[PDB]
């Protein structure tokens, strides 16, 4: 039987990372030639991330820790063009590594909720020595960590448990939300992705709009749309790894002023789950299948999608 899955959710919620995991788990992963295609994306992500931090020190008036980094930051923009083409000279890596270890840069990095920074910024920058090597070939995890905004509709196919899956992925940014209707036909199940760690962030398209509140509005619209009455609604509360770290130091009251629980993972996670599930206007006739995920963790996604497939199989 053919099973059509539709991935929905706000931008950067993890939808395309789930797509990548299906290729890794169910079709032997990315070949060397495929990994090499992502080398330019890894380099682009890395240079864009350090540039975003440097940019933010200017707006937030944060000085470098050592005054010598001013020359490194000059050389950064001089040499950045190579990375945006898939090349990484030993001189550029040294410039980035020194900037990344500077205490003023690190101070700005730890204030990233005051600007826009890729979630994978630290992953790549902490691994600069490995990714800067000659003949560097991105690993599966490197590919999973890449960030490219999805425009259009991405369709991938795979076989699992004798089922032929057709998985559809759409862009989640506001400009792409008008395109969601084009995938609405014949959907067996929806996987709605939520970035748990978005609770203290604002939209790139609007600094006044809380990211998690926008996610709730989208989920409210989808879950209660009569067109999806007979469609299984699966909720991926994603980026649980980033949420577990963030909940220790960033109060959830930024998002939900009425939250009275502790700053611990289990209580706060369950509170967010209930906030989303309470948007369901048909609690007795419509079920939501909620899973907490780390979309970049292949082992976690494999077991979660195994459990999801059983629900789809049983209908």
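Residue numbers count along the first chain shown, from 1.
Novice: Test of understanding: from the entry's C-alpha B-factors, which stretch has the higher mean, 57-65 or 262-270?
Specialist: Mean B over CA atoms: larger for 57-65.
Novice: So which stretch wins on mean C-alpha B-factor, 189-197 or 207-215?
Specialist: Taking the mean C-alpha B-factor of 189-197 and of 207-215, the larger value falls to 207-215.
Novice: Looking at 239, 111, 145, 226, which has the highest Cα B-factor in the entry?
Specialist: Answer, based on the entry's C-alpha B-factors: 226.
Novice: Using the entry's values, work out which of 175, 106, 118, 140 has the largest Cα B factor.
Specialist: Each of 175, 106, 118, 140 was compared by C-alpha B-factor; the highest is 175.
Novice: Which third of the chain holds residue 256 when residues are ordered by C-alpha B factor: lowest, middle or highest?
Specialist: Residue 256: CA B-factor falls in the highest third of its chain.
Novice: Sorting by Cα B-factor within the chain, modelled residues only, which third would residue 27 end up in: lowest, middle or highest?
Specialist: Ranked within chain, residue 27 CA B lands in the highest tercile.
Novice: Could you look up the Cα B-factor of residue 82 in the entry and say which third of the chain it sits in: lowest, middle or highest?
Specialist: Its C-alpha B-factor belongs to the highest third of this chain's values.
Novice: C-alpha B factor of residue 95, ranked within the chain: lowest, middle or highest third?
Specialist: It belongs to the middle third of the chain when residues are ordered by C-alpha B-factor.
Novice: Which third of the chain holds residue 202 when residues are ordered by C-alpha B factor: lowest, middle or highest?
Specialist: Middle third.
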